[PDB]
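The block underneath contains the structure these notes are about, expressed in structure tokens.
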Amino acid sequence: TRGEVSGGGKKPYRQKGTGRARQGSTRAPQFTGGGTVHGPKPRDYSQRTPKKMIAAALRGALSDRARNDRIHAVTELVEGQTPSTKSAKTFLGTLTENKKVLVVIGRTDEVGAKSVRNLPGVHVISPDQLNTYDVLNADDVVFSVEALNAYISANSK
Amino acid sequence: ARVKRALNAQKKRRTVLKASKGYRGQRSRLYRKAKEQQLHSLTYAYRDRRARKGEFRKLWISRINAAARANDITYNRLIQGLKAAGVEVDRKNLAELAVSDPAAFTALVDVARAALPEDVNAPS
Amino acid sequence: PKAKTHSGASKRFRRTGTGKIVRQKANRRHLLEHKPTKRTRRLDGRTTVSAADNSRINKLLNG
Amino acid sequence: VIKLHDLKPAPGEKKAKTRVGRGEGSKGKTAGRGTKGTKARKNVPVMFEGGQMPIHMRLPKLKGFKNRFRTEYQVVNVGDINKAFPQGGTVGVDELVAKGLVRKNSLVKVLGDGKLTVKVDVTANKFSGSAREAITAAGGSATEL
RNA sequence: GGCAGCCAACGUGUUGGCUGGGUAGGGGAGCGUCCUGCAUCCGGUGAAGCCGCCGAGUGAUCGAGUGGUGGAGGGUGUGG
RNA sequence: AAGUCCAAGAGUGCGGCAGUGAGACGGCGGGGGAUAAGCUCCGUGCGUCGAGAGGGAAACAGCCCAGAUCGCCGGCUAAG
RNA sequence: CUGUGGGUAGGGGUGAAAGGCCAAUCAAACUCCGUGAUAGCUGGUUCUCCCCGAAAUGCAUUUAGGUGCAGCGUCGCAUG
RNA sequence: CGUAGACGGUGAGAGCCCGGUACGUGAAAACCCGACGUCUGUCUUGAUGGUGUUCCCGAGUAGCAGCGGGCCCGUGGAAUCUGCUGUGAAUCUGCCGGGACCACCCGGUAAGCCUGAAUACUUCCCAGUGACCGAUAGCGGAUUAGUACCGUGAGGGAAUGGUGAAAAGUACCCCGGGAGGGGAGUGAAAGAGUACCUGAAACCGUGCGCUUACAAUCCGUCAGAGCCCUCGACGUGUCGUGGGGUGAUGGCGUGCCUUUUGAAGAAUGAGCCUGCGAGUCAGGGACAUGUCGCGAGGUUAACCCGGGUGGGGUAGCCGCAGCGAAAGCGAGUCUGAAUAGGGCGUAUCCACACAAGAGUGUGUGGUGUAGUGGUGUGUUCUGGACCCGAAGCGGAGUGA
RNA sequence: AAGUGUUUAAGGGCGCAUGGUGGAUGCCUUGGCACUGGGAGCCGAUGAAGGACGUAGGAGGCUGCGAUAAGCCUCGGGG
Ligand SMILES: [Mg+2]
Ligand SMILES: [Mg+2]
Ligand SMILES: [Mg+2]
Ligand SMILES: [Mg+2]
Ligand SMILES: [Mg+2]
Ligand SMILES: [Mg+2]
Ligand SMILES: [Mg+2]
Ligand SMILES: [Mg+2]
Ligand SMILES: [Mg+2]
Ligand SMILES: [Mg+2]
Ligand SMILES: [Mg+2]
Ligand SMILES: [Mg+2]
Ligand SMILES: [Mg+2]
Ligand SMILES: [Mg+2]
Ligand SMILES: [Mg+2]
Ligand SMILES: [Mg+2]
Ligand SMILES: [Mg+2]
Ligand SMILES: [Mg+2]
Ligand SMILES: [Mg+2]
Ligand SMILES: [Mg+2]
Ligand SMILES: [Mg+2]
Ligand SMILES: [Mg+2]
Ligand SMILES: [Mg+2]
Ligand SMILES: [Mg+2]
Ligand SMILES: [Mg+2]
Ligand SMILES: [Mg+2]
Ligand SMILES: [Mg+2]
Ligand SMILES: [Mg+2]
Ligand SMILES: [Mg+2]
Ligand SMILES: [Mg+2]
Ligand SMILES: [Mg+2]
Ligand SMILES: [Mg+2]
Ligand SMILES: [Mg+2]
Ligand SMILES: [Mg+2]
Ligand SMILES: [Mg+2]
Ligand SMILES: [Mg+2]
Ligand SMILES: [Mg+2]
Ligand SMILES: [Mg+2]
Ligand SMILES: [Mg+2]
Ligand SMILES: [Mg+2]
Ligand SMILES: [Mg+2]
Ligand SMILES: [Mg+2]
Ligand SMILES: [Mg+2]
Ligand SMILES: [Mg+2]
Ligand SMILES: [Mg+2]
Ligand SMILES: [Mg+2]
Ligand SMILES: [Mg+2]
Ligand SMILES: [Mg+2]
Ligand SMILES: [Mg+2]
Ligand SMILES: [Mg+2]
Ligand SMILES: [Mg+2]
Ligand SMILES: [Mg+2]
Ligand SMILES: [Mg+2]
Ligand SMILES: [Mg+2]
Ligand SMILES: [Mg+2]
Ligand SMILES: [Mg+2]
Ligand SMILES: [Mg+2]
Ligand SMILES: [Mg+2]
Ligand SMILES: [Mg+2]
Ligand SMILES: [Mg+2]
Ligand SMILES: [Mg+2]
Ligand SMILES: [Mg+2]
Ligand SMILES: [Mg+2]
Ligand SMILES: [Mg+2]
Ligand SMILES: [Mg+2]
Ligand SMILES: [Mg+2]
Ligand SMILES: [Mg+2]
Ligand SMILES: [Mg+2]
Ligand SMILES: [Mg+2]
Ligand SMILES: [Mg+2]
Ligand SMILES: [Mg+2]
Ligand SMILES: [Mg+2]
Ligand SMILES: [Mg+2]
Ligand SMILES: [Mg+2]
Ligand SMILES: [Mg+2]
Ligand SMILES: [Mg+2]
Ligand SMILES: [Mg+2]
Ligand SMILES: [Mg+2]
Ligand SMILES: [Mg+2]
Ligand SMILES: [Mg+2]
Ligand SMILES: [Mg+2]
Ligand SMILES: [Mg+2]
Ligand SMILES: [Mg+2]
Ligand SMILES: [Mg+2]
Ligand SMILES: [Mg+2]
Ligand SMILES: [Mg+2]
Ligand SMILES: [Mg+2]
Ligand SMILES: [Mg+2]
Ligand SMILES: [Mg+2]
Ligand SMILES: [Mg+2]
Ligand SMILES: [Mg+2]
Ligand SMILES: [Mg+2]
Ligand SMILES: [Mg+2]
Ligand SMILES: [Mg+2]
Ligand SMILES: [Mg+2]
Ligand SMILES: [Mg+2]
């Protein structure tokens, strides 16, 4: 702003008699190099929607995917002990033809998330982290048995 | 998100300057003086578009009066007689008759005089 | 920052159960001997504040 | 299958901001302020009246005091016991909090407004005379804490 | 003959009737600029910018109509 | 008691957002002044200007006519 | 009279006194900071169109070119 | 190919061309960490609960007073804490506090000292990110930048980026003293030539078309002859649903903005162009109105667990009963001696009765009562708060 | 004889075509701005922070260094 830019303390010249506009400092907004008037300052943009709004949006998006048969459960992405983007890609291709998929996996299952992480349209998220934005991106949502059961059980009571 | 206001600013400038072609002086060169002139130009165009219908009626009346007086009748009596006769041609085409073919104008003056009171100054 | 209630107005104005703002009539604190009791008793109790002043009093009360 | 571009605010939700002082087509050269004065550049405080004695200074302060030792009670009317308890039974403070008839940690007094018909055993900090008569004339009993 | 605001009738988009000068000021609906989520499209067979031609819209303005110059990024939809 | 009544876009009540609180001349009733002022101060379901374009008064905010939605190379009128 | 070296500093200095002088400035020097001082005062405030549309009065005022409330505009609701 | 489709560069949009990325591997020395020993210290010529008195328990202190400071508390009835001055005790059936004070009860044990964690910040280093700026912006400083420069001095304080992919940066010839150019070459391009990407406007020329030297012009607008260009048709120059350019001539015509009762005004402001320059943001702020979720309920704050925007978190807050100064009472309550009027309150409506037409009341039934939390908009409060502008006031310094 | 009637451009205006000047616009960037996560939270008589003058085979500026002067030794890395 006007007071944060360097310099500007002096009145530039005498206030009367010079035949020029009355100017209070060289860092005034109308000056080149002067202060910005209503300019951006850092902002926190988060807004806190009620919990059940968020939960309902989750359920509505997941229902929207379910009505159209876009939810899949699988035992796991790839046979374990080692990641393999090739085989996991082939299996996921059998499972769906669309471009974007959510792959909801439990956090412990690292071999599975490693083997599907480098596919261009594939987004990997944890069941306890499920939100409406990622499921609305996905054309299909591909759960694991453990992750589907976990989401069901976190909302069964 | 800072914007450089020059893409949008130049559009009305080009519009007004293109409209101000032919203006003598700096009223065809500078956007501000050209805009000041465009204000007057469009008000004057409105004014004269409204008054053109009166200027042309003035011209038609003048031509009709001259032709009528050539036919030895006054303009006002001529149109009074044409109103009395039911012939309901407007002054525009009555002026085209006065100019283009004077024989039909002569005949129409004959009709107007035939359909006129035996005393135009009678108390009726 | 949270808004501040105008303290001088809170100790003068009050709200009823429905929400109308009541008042206390003036000219009754001293110099009472020459005032008849009819004037004295038409000047006490509460009375609802005027509709003209209801807009500013509300802003002073809520801050 | 709703995707992120299919999302739209509800009709009537979002109103356009009124950007002011952006030309004479809408609100220009004064931004809705009119000509000069105090109000043309700053404001006027809400407790200002032009130097005459303000509304908050020519009126007496309300009589009385506040009594910091006030005992306030959260009140239930007897008619709500009918709705809350279709059969009656024992009804204390905390199994009356669960029915959302009073706040959780407060003193509870029972008042006799509605009409009570069921056999109830009410326990509360205090009772009304009408409430006590309604409780005991309907067949139940009422004990204070 | 064209438009628009209020209202009415059948009825569910028309028709009809009234009305449409305007500063301070109030309300409503929009044009153009930039950044972005998502979706699509165009571009070294030449993007933007600029200069024109020929046009268009009730207004801000438009030209996924066209040429010249130019040399790497843009359009449109729906939200922010 | 009627009239207007697909309108006055009228009253009244509550609320959101106001601007205004320097007015001018002309007609009629008056105070001040010298029954002076293009003076000053009041009254007027008086007007116009302010905030009013168009026609008349040579020119000429406030006088007379008449209230501009746009177009027309139609007609009838008002003051004059 | 003059050179060289030095001393007096801001409500302070110095003045054979003119409010003179104290770095082209002096009824309280200059620089930076408080600080974007405060101004009932002047100036400026940026695209469009649609509908409606004032006031220049009353009352109070350390008041009279400022403001509060009333009157008079607009929008929403109620009544009709 | 992918545990690597991060991001750059390379002659234009590259996962497979380069550096890298995912993922692993590596430290002689120095430093920071732990861990095990020497080492260091203490405890054991010794433990435990009893039964009955004298002494001790932080002294120029507490307390008291005068004058102050600070507490929500501006001297107030003014406690608690505290400075200067004066006076000045007790060692536990003591002394201090519990908002003057006293009594009783309760809590504690001043005038001795150490103390980790949870908390605040970033000169500097490392690694990242941005609905951040993009050369009048962003730091004053993308380039000599606290530089040049201005001042005696404290101090003030600039302006200056872009050839091409690659210098391949124009050999040689010609005019010229050179500068500059013209051929020739380089290059995809020289409308890229180290005055170099794009190259707008103001401003300045040159060429052509129409016009203009008897004429009183806010410089336009409407009508308009003549000339010039262009598109069609018939044909071979004259019309046409035409289009442009210029305009002899005729009618009408008092710039823009501010501010004013009223300005073309001889009131203000503006030489011109290009770039810049003014209602913004924060807050469980307040009021109102949209919209959404849940609904007699609604919602969490700090915080905790999540490489995320997700999930837990009931403390509080608002609604749920009012009247009263208050004790209090409670669909009532206050006033009052009053079943005697009035005030406020009992969502709202419907009916049936019982009383008066002094404005309707009272009562029995029924219907049953709407809030809250996100978020858009308007206004508002606290903040520089729409932007610009004093003369001057204060603090610390610099100057004879 | 009376009457009528084109052609002037010293210079100026407007439209176009062509350039100059100028450095906007577009598209950029060895620069900044706001933060996030770590580290380290002091240096100095064993002479600090910061400088002056010197220093390369050749003139200056920035950087590095100090008469052992774009450097000297030892240990690692790497090529
Ligand atoms: Mg400053
Ligand atoms: Mg001057
Ligand atoms: Mg100042
Ligand atoms: Mg800046
Ligand atoms: Mg949460
Ligand atoms: Mg012309
Ligand atoms: Mg208070
Ligand atoms: Mg008294
Ligand atoms: Mg008395
Ligand atoms: Mg906002
Ligand atoms: Mg305006
Ligand atoms: Mg303006
Ligand atoms: Mg306003
Ligand atoms: Mg102004
Ligand atoms: Mg005024
Ligand atoms: Mg005002
Ligand atoms: Mg205040
Ligand atoms: Mg209609
Ligand atoms: Mg209108
Ligand atoms: Mg009209
Ligand atoms: Mg307006
Ligand atoms: Mg665009
Ligand atoms: Mg978009
Ligand atoms: Mg493509
Ligand atoms: Mg090419
Ligand atoms: Mg762009
Ligand atoms: Mg081309
Ligand atoms: Mg192009
Ligand atoms: Mg938008
Ligand atoms: Mg009528
Ligand atoms: Mg009407
Ligand atoms: Mg009305
Ligand atoms: Mg006044
Ligand atoms: Mg007045
Ligand atoms: Mg008057
Ligand atoms: Mg007068
Ligand atoms: Mg008179
Ligand atoms: Mg008089
Ligand atoms: Mg007069
Ligand atoms: Mg009068
Ligand atoms: Mg006015
Ligand atoms: Mg008029
Ligand atoms: Mg009028
Ligand atoms: Mg008359
Ligand atoms: Mg007639
Ligand atoms: Mg007449
Ligand atoms: Mg001497
Ligand atoms: Mg000296
Ligand atoms: Mg002196
Ligand atoms: Mg000086
Ligand atoms: Mg001097
Ligand atoms: Mg001084
Ligand atoms: Mg002074
Ligand atoms: Mg301050
Ligand atoms: Mg100011
Ligand atoms: Mg109107
Ligand atoms: Mg006073
Ligand atoms: Mg007012
Ligand atoms: Mg209103
Ligand atoms: Mg890449
Ligand atoms: Mg002790
Ligand atoms: Mg004190
Ligand atoms: Mg005290
Ligand atoms: Mg300590
Ligand atoms: Mg800069
Ligand atoms: Mg540039
Ligand atoms: Mg600068
Ligand atoms: Mg110097
Ligand atoms: Mg070649
Ligand atoms: Mg090229
Ligand atoms: Mg150049
Ligand atoms: Mg160039
Ligand atoms: Mg001539
Ligand atoms: Mg004349
Ligand atoms: Mg003319
Ligand atoms: Mg004229
Ligand atoms: Mg003035
Ligand atoms: Mg004025
Ligand atoms: Mg005047
Ligand atoms: Mg002037
Ligand atoms: Mg003049
Ligand atoms: Mg003036
Ligand atoms: Mg001037
Ligand atoms: Mg500027
Ligand atoms: Mg806010
Ligand atoms: Mg109360
Ligand atoms: Mg009494
Ligand atoms: Mg009562
Ligand atoms: Mg709701
Ligand atoms: Mg809201
Ligand atoms: Mg000072
Ligand atoms: Mg000195
Ligand atoms: Mg010529
Ligand atoms: Mg230390
Ligand atoms: Mg050096
Ligand atoms: Mg080695």
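Order determines the names: the first chain of the structure tokens is A, the second B, and so forth; residues in each chain are numbered 1 upward, and ligands are numbered 1 upward as they are shown.
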
Using only C-alpha atoms (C1' of nucleotides) and all ligand atoms, which protein or nucleic acid residues are at most 6 Å from ligand 52, as a PDB file with N, CA, C and O atoms (P, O5', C5', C4', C3', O3' and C1' of nucleotides), in the first residue's frame?
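Saved as pocket09.pdb:
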ATOM      1  P     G G  10      19.407  23.302  21.893  1.00  0.00           P
ATOM      2  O5'   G G  10      17.856  23.356  21.595  1.00  0.00           O
ATOM      3  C5'   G G  10      17.335  22.917  20.353  1.00  0.00           C
ATOM      4  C4'   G G  10      16.257  23.844  19.881  1.00  0.00           C
ATOM      5  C3'   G G  10      15.120  23.194  19.103  1.00  0.00           C
ATOM      6  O3'   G G  10      13.891  23.822  19.461  1.00  0.00           O
ATOM      7  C1'   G G  10      16.084  24.920  17.822  1.00  0.00           C
ATOM      8  P     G G  11      12.873  23.109  20.476  1.00  0.00           P
ATOM      9  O5'   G G  11      12.435  24.269  21.467  1.00  0.00           O
ATOM     10  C5'   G G  11      13.024  24.416  22.751  1.00  0.00           C
ATOM     11  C4'   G G  11      13.061  25.863  23.169  1.00  0.00           C
ATOM     12  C3'   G G  11      12.210  26.219  24.369  1.00  0.00           C
ATOM     13  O3'   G G  11      12.786  27.350  25.018  1.00  0.00           O
ATOM     14  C1'   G G  11      11.346  27.284  22.433  1.00  0.00           C
ATOM     15  P     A G  28       6.712  30.234  14.087  1.00  0.00           P
ATOM     16  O5'   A G  28       8.286  30.140  14.205  1.00  0.00           O
ATOM     17  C5'   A G  28       9.083  29.495  13.227  1.00  0.00           C
ATOM     18  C4'   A G  28      10.193  28.744  13.902  1.00  0.00           C
ATOM     19  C3'   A G  28       9.822  27.341  14.354  1.00  0.00           C
ATOM     20  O3'   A G  28      10.993  26.540  14.377  1.00  0.00           O
ATOM     21  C1'   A G  28      10.339  28.646  16.236  1.00  0.00           C
TER      22        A G  28
END

Next on the checklist: as a ChimeraX atom specification, please: every protein or nucleic acid residue near ligand 21 (cut-off 10 Å, counting only C-alpha atoms (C1' of nucleotides) and all ligand atoms).
Outcome noted: /D:24-28,30-32,34 /E:22-26 /G:53

Which chains and residue numbers are within 10 Å of ligand 43, counting only C-alpha atoms (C1' of nucleotides) and all ligand atoms, if I want them as a PDB file with N, CA, C and O atoms (P, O5', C5', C4', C3', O3' and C1' of nucleotides), in the first residue's frame?
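Printed below is result_11.pdb as written:
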ATOM      1  P     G E  22     -35.580   9.004 -20.487  1.00  0.00           P
ATOM      2  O5'   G E  22     -35.207  10.042 -19.352  1.00  0.00           O
ATOM      3  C5'   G E  22     -34.059  10.858 -19.461  1.00  0.00           C
ATOM      4  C4'   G E  22     -34.092  11.985 -18.467  1.00  0.00           C
ATOM      5  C3'   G E  22     -33.714  11.627 -17.047  1.00  0.00           C
ATOM      6  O3'   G E  22     -32.312  11.658 -16.866  1.00  0.00           O
ATOM      7  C1'   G E  22     -35.728  12.847 -17.041  1.00  0.00           C
TER       8        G E  22
ATOM      9  P     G F  47     -49.825  23.305 -10.024  1.00  0.00           P
ATOM     10  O5'   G F  47     -49.080  24.067 -11.194  1.00  0.00           O
ATOM     11  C5'   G F  47     -49.661  24.171 -12.477  1.00  0.00           C
ATOM     12  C4'   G F  47     -48.910  25.145 -13.340  1.00  0.00           C
ATOM     13  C3'   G F  47     -47.494  24.761 -13.708  1.00  0.00           C
ATOM     14  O3'   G F  47     -47.434  23.806 -14.750  1.00  0.00           O
ATOM     15  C1'   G F  47     -47.534  27.009 -13.028  1.00  0.00           C
ATOM     16  P     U F  48     -46.396  22.590 -14.678  1.00  0.00           P
ATOM     17  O5'   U F  48     -45.070  23.178 -15.321  1.00  0.00           O
ATOM     18  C5'   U F  48     -45.065  23.662 -16.650  1.00  0.00           C
ATOM     19  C4'   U F  48     -44.020  24.728 -16.848  1.00  0.00           C
ATOM     20  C3'   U F  48     -42.590  24.321 -16.571  1.00  0.00           C
ATOM     21  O3'   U F  48     -42.012  23.592 -17.633  1.00  0.00           O
ATOM     22  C1'   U F  48     -43.009  26.376 -15.530  1.00  0.00           C
ATOM     23  P     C F  49     -40.750  22.642 -17.386  1.00  0.00           P
ATOM     24  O5'   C F  49     -39.622  23.606 -16.825  1.00  0.00           O
ATOM     25  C5'   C F  49     -38.753  24.293 -17.707  1.00  0.00           C
ATOM     26  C4'   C F  49     -37.649  24.994 -16.963  1.00  0.00           C
ATOM     27  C3'   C F  49     -36.652  24.113 -16.236  1.00  0.00           C
ATOM     28  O3'   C F  49     -35.652  23.586 -17.078  1.00  0.00           O
ATOM     29  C1'   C F  49     -37.344  25.850 -14.811  1.00  0.00           C
ATOM     30  P     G F  50     -34.966  22.187 -16.725  1.00  0.00           P
ATOM     31  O5'   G F  50     -34.428  22.365 -15.239  1.00  0.00           O
ATOM     32  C5'   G F  50     -33.209  23.026 -14.940  1.00  0.00           C
ATOM     33  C4'   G F  50     -33.031  23.152 -13.450  1.00  0.00           C
ATOM     34  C3'   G F  50     -32.709  21.859 -12.720  1.00  0.00           C
ATOM     35  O3'   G F  50     -31.315  21.660 -12.649  1.00  0.00           O
ATOM     36  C1'   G F  50     -34.509  22.972 -11.645  1.00  0.00           C
ATOM     37  P     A F  51     -30.633  20.261 -12.999  1.00  0.00           P
ATOM     38  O5'   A F  51     -31.584  19.595 -14.075  1.00  0.00           O
ATOM     39  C5'   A F  51     -31.407  18.230 -14.419  1.00  0.00           C
ATOM     40  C4'   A F  51     -32.697  17.581 -14.840  1.00  0.00           C
ATOM     41  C3'   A F  51     -33.649  18.468 -15.630  1.00  0.00           C
ATOM     42  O3'   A F  51     -34.246  17.693 -16.663  1.00  0.00           O
ATOM     43  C1'   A F  51     -34.737  17.642 -13.691  1.00  0.00           C
ATOM     44  P     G F  52     -33.367  17.220 -17.919  1.00  0.00           P
ATOM     45  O5'   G F  52     -34.232  17.658 -19.166  1.00  0.00           O
ATOM     46  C5'   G F  52     -34.438  19.034 -19.433  1.00  0.00           C
ATOM     47  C4'   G F  52     -35.424  19.231 -20.540  1.00  0.00           C
ATOM     48  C3'   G F  52     -35.821  20.677 -20.805  1.00  0.00           C
ATOM     49  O3'   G F  52     -36.080  20.843 -22.198  1.00  0.00           O
ATOM     50  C1'   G F  52     -37.725  19.426 -20.261  1.00  0.00           C
ATOM     51  P     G F  67     -49.482  17.074 -24.998  1.00  0.00           P
ATOM     52  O5'   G F  67     -47.957  16.659 -24.956  1.00  0.00           O
ATOM     53  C5'   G F  67     -47.485  15.632 -24.102  1.00  0.00           C
ATOM     54  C4'   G F  67     -45.984  15.606 -24.116  1.00  0.00           C
ATOM     55  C3'   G F  67     -45.340  14.401 -23.455  1.00  0.00           C
ATOM     56  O3'   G F  67     -44.169  14.068 -24.179  1.00  0.00           O
ATOM     57  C1'   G F  67     -44.553  16.361 -22.434  1.00  0.00           C
TER      58        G F  67
END

Next on the checklist: Neighbours of ligand 45 at 10 Å or closer, counting only C-alpha atoms (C1' of nucleotides) and all ligand atoms: which residues, as a list in words?
Outcome noted: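 Going residue by residue within 10 Å of ligand 45, we get residues 76, 79 and 80 of chain B; 75, 76 and 77 of chain F.
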
Hey, can you spit out that residue selection with C-alpha atoms (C1' of nucleotides) as a PDB file, in the first residue's frame?
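See result_10.pdb below for the written result:
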ATOM      1  CA  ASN B  76     -54.827  27.252 -50.132  1.00  0.00           C
ATOM      2  CA  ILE B  79     -56.077  22.157 -51.509  1.00  0.00           C
ATOM      3  CA  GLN B  80     -59.413  23.265 -50.036  1.00  0.00           C
TER       4      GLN B  80
ATOM      5  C1'   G F  75     -52.373  13.458 -43.180  1.00  0.00           C
ATOM      6  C1'   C F  76     -54.886  16.966 -39.204  1.00  0.00           C
ATOM      7  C1'   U F  77     -54.070  20.676 -35.843  1.00  0.00           C
TER       8        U F  77
END

When you look at residue 27 (chain C) with a cut-off of 10 Å (counting only C-alpha atoms (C1' of nucleotides)), what residues show up, excluding the ones that are within fewer than 5 positions of it in the same chain? I need them as an mmCIF file with N, CA and C atoms, in the first residue's frame.
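Output saved as out27.cif:
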data_model
loop_
_atom_site.group_PDB
_atom_site.id
_atom_site.type_symbol
_atom_site.label_atom_id
_atom_site.label_comp_id
_atom_site.auth_asym_id
_atom_site.auth_seq_id
_atom_site.Cartn_x
_atom_site.Cartn_y
_atom_site.Cartn_z
ATOM 1 N N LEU C 32 -40.183 18.460 41.425
ATOM 2 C CA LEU C 32 -41.434 17.721 41.395
ATOM 3 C C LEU C 32 -42.568 18.402 42.132
ATOM 4 N N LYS C 35 -45.317 20.041 40.043
ATOM 5 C CA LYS C 35 -45.958 19.186 39.054
ATOM 6 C C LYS C 35 -47.144 18.468 39.681
ATOM 7 N N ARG C 39 -49.775 14.791 36.077
ATOM 8 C CA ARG C 39 -48.596 14.876 35.229
ATOM 9 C C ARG C 39 -47.518 13.912 35.688
ATOM 10 N N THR C 40 -47.350 13.769 36.998
ATOM 11 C CA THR C 40 -46.348 12.859 37.538
ATOM 12 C C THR C 40 -46.645 11.409 37.177
ATOM 13 N N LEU C 43 -46.234 10.266 33.541
ATOM 14 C CA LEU C 43 -44.827 10.321 33.176
ATOM 15 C C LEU C 43 -44.035 9.131 33.689
ATOM 16 N N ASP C 44 -44.675 8.108 34.238
ATOM 17 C CA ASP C 44 -43.917 6.983 34.763
ATOM 18 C C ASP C 44 -44.382 5.680 34.139
ATOM 19 N N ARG D 58 -30.885 12.159 26.844
ATOM 20 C CA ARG D 58 -31.948 12.974 27.410
ATOM 21 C C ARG D 58 -33.001 12.152 28.129
ATOM 22 N N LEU D 59 -32.875 10.851 28.121
ATOM 23 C CA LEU D 59 -33.772 9.928 28.779
ATOM 24 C C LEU D 59 -33.147 9.345 30.037
ATOM 25 N N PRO D 60 -33.954 9.083 31.057
ATOM 26 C CA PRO D 60 -33.415 8.534 32.293
ATOM 27 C C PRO D 60 -32.894 7.129 32.081
#

Checklist entry - Mind listing the residues within 12 Å of ligand 90, only C-alpha atoms (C1' of nucleotides) and all ligand atoms counted, as a list in words? => result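 The distance check yields residues 13, 14 and 15 of chain D; 287, 288, 289, 290, 291, 292, 373, 374, 375, 376, 377 and 378 of chain H.
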
What would the file look like if the residues just selected were written as a PDB file, in the first residue's frame with C-alpha atoms (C1' of nucleotides)?
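The result, stored in out.pdb:
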ATOM      1  CA  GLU D  13     -28.460 -18.015  -5.104  1.00  0.00           C
ATOM      2  CA  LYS D  14     -25.741 -15.818  -6.591  1.00  0.00           C
ATOM      3  CA  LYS D  15     -26.364 -12.109  -7.082  1.00  0.00           C
TER       4      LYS D  15
ATOM      5  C1'   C H 287     -29.323  -5.526  10.516  1.00  0.00           C
ATOM      6  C1'   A H 288     -32.116  -6.965   6.196  1.00  0.00           C
ATOM      7  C1'   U H 289     -32.974  -9.982   1.971  1.00  0.00           C
ATOM      8  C1'   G H 290     -31.996 -14.316  -1.486  1.00  0.00           C
ATOM      9  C1'   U H 291     -30.258 -19.662  -1.559  1.00  0.00           C
ATOM     10  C1'   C H 292     -29.050 -24.420   0.668  1.00  0.00           C
ATOM     11  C1'   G H 373     -25.672 -23.264  10.596  1.00  0.00           C
ATOM     12  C1'   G H 374     -23.040 -22.501   5.869  1.00  0.00           C
ATOM     13  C1'   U H 375     -23.067 -19.076   1.772  1.00  0.00           C
ATOM     14  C1'   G H 376     -24.403 -14.628  -2.383  1.00  0.00           C
ATOM     15  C1'   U H 377     -26.059  -9.307  -2.168  1.00  0.00           C
ATOM     16  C1'   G H 378     -27.133  -4.298   0.139  1.00  0.00           C
TER      17        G H 378
END

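The part of chain C that reaches within 7 Å of chain D is made up of residues 8, 9, 11, 12, 24, 25, 26 and 56 of chain C, counting only C-alpha atoms.
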
Checklist entry - Taking only C-alpha atoms (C1' of nucleotides) and all ligand atoms into account, which residues are within 8 Å of ligand 60, as a list in words? => result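 Protein and nucleic-acid residues within 8 Å of ligand 60: residues 7, 8 and 14 of chain H.
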
Next on the checklist: Hey, which residues sit close to ligand 37? Say within 10 Å, counting only C-alpha atoms (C1' of nucleotides) and all ligand atoms, and write them as a count of residues only.
Outcome noted: 4

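Every protein, DNA or RNA residue with an atom at most 12 Å from residue 30 (chain G), where only C-alpha atoms (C1' of nucleotides) count and chain neighbours fewer than 4 positions away do not, is listed here: residues 10 of chain A; 9, 10, 22, 23, 25 and 26 of chain G; 151, 153, 154, 155, 397, 398 and 399 of chain H.
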